[PDB]
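Novice: Following this: a sequence and the matching experimental structure.
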Number of protein chains: 2
Amino acid sequence: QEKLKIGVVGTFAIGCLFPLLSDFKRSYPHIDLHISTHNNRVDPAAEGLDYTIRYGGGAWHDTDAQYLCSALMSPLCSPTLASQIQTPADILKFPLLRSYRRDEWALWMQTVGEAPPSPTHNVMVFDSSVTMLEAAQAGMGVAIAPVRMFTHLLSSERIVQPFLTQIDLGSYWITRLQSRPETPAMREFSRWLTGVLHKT
Amino acid sequence: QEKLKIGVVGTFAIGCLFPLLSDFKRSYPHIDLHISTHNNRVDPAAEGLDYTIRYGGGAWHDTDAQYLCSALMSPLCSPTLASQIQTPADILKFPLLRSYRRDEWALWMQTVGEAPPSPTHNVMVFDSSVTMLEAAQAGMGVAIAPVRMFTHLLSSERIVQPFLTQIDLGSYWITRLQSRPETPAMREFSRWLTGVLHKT
């Protein structure tokens, strides 16, 4: 067995990778895959990772980055909050949930032709979209997050996407520190993942 | 309005604090509470936090720590996996999910009188119990986590606690850097939270 150590942003692990892992096992049973999750703030060298799966723009320095898939974002909320939302302005009846990126709501509103929320609007800030969507399911506020990472919540009707409009503030990438040697197990995992994303 | 900035480990935010926030608002409407979540790895000074709510042993250096509540851990799994688990050894039919603490499973097994899992047992490692329990609901493996932080999953029957035995590897605390000035808003929030935990 060849060891492969990968640190995966939790949102991607839950929303994409984990359901696909048995297919990886089918194709490459000889690889001993060690998966750990992170909240997108991670130091691969410190954790001794081979690969990091992360959300971003693909422009990390001293890093070999390969695009995995898009991460278009849109408002997401409980069916109960959705019942009170007919137009984008209605979102502001409720508190807003966002990531550590300060202008996500300003940018989405701007895109659909609305003014940004008031600087004193109730906002809660999340390190992980997984946690954010738990809060959204509870009706704590309206979230904005990568919709394709939450298909399980949409299909089970625990969350709703009230509007079609989506914005791109980043995608999912797999990255290797340029100083980290690329092994056969790494090449195989990377090929499998980019491949299986294209199929599905 | 007096500003109060608090960074809360996501598991505690979802499992305890968020449901109680309206009670805080009722008691102290004059406080402008800015909540952000983290995965228990956080630098309060860097984030300019007033308080940090975190999981641990209460012995952080140069830190004023106040106990919030216990965090006893026990195995947790989907009803489907639970149907195949009658005794603790049966847990090992499945992959194990754990936090970045390497010996959680060894310690729980030891407590119930079993040998630790094999060093080659399939394990997935999680920065946040919230993410871990999402994986557990999906049947990825058997998790071990603070049971009282997941009452929403137990009550809605998305997760099951097959065994009564629990272990203590830490609790939830609220902490202030000793160099961070304590404001009236902080004292009020701390008093409210320790108070409301005792009531409920």
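Specialist: Looks like it came in fine. Residues are numbered from 1 along each chain as shown, chains lettered A, B, ... in the order given.
Novice: need the helices for chain A, in chain order.
Specialist: Here chain A has its helices, by DSSP state H, at A:10-12, A:18-27, A:44-47, A:79-82, A:104-111, A:129-137, A:151-155, A:184-199.
Novice: wait, residue A:135 sits on residue A:141?
Specialist: Yes - at 6.9 Å, residue A:135 and residue A:141 qualify as touching, with contact defined as C-beta atoms under 8 Å. Bear in mind the C-beta positions are built from the backbone N, C-alpha and C, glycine included.
Novice: who touches both of the two?
Specialist: Residues touching both residue A:135 and residue A:141 by C-beta atoms under 8 Å, 6 or more residues apart in numbering or on different chains: A:97, A:124.
Novice: Could you tell me how many residues sit around residue A:70?
Specialist: Using other C-beta atoms under 10 Å in any protein chain shown, residue A:70 is surrounded by 15 other residues.
Novice: Also residue A:60?
Specialist: With other C-beta under 10 Å as criterion, residue A:60 counts 15.
Novice: quick one on the thing from earlier: now the helices of chain A in JSON lines, with distance to residue B:46 and mean neighbour count?
Specialist: Converted to JSON lines, the helices of chain A look like this (distance: least, C-beta to C-beta, whole Å; neighbours: other C-beta atoms under 10 Å in any protein chain shown):
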{"stretch": "helix A:10-12", "distance to residue B:46": "21", "mean neighbour count": "27"}
{"stretch": "helix A:18-27", "distance to residue B:46": "31", "mean neighbour count": "14"}
{"stretch": "helix A:44-47", "distance to residue B:46": "16", "mean neighbour count": "12"}
{"stretch": "helix A:79-82", "distance to residue B:46": "33", "mean neighbour count": "16"}
{"stretch": "helix A:104-111", "distance to residue B:46": "21", "mean neighbour count": "18"}
{"stretch": "helix A:129-137", "distance to residue B:46": "20", "mean neighbour count": "26"}
{"stretch": "helix A:151-155", "distance to residue B:46": "32", "mean neighbour count": "15"}
{"stretch": "helix A:184-199", "distance to residue B:46": "32", "mean neighbour count": "15"}
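Novice: Would you tell me which of those helices gets closest to residue B:12?
Specialist: Distance to residue B:12, taken as C-beta to C-beta, is lowest for helix A:129-137 among those, at 10.5 Å.
Novice: by how many degrees do the closest one and helix B:129-137 diverge?
Specialist: Here helix A:129-137 runs at an angle of 80 degrees relative to helix B:129-137 (axes from the mean of the first three to the mean of the last three C-alpha atoms, to 10 degrees).
Novice: Contacts for helix A:129-137, please.
Specialist: With C-beta under 8 Å, 6+ apart, helix A:129-137 has contacts from A:10-11, A:14, A:76-78, A:97-99, A:124, A:126, A:141-143, A:145-146, A:149-150, A:153, A:158-159, B:10, B:13-14, B:18, B:37, B:128, B:130-131, B:134.
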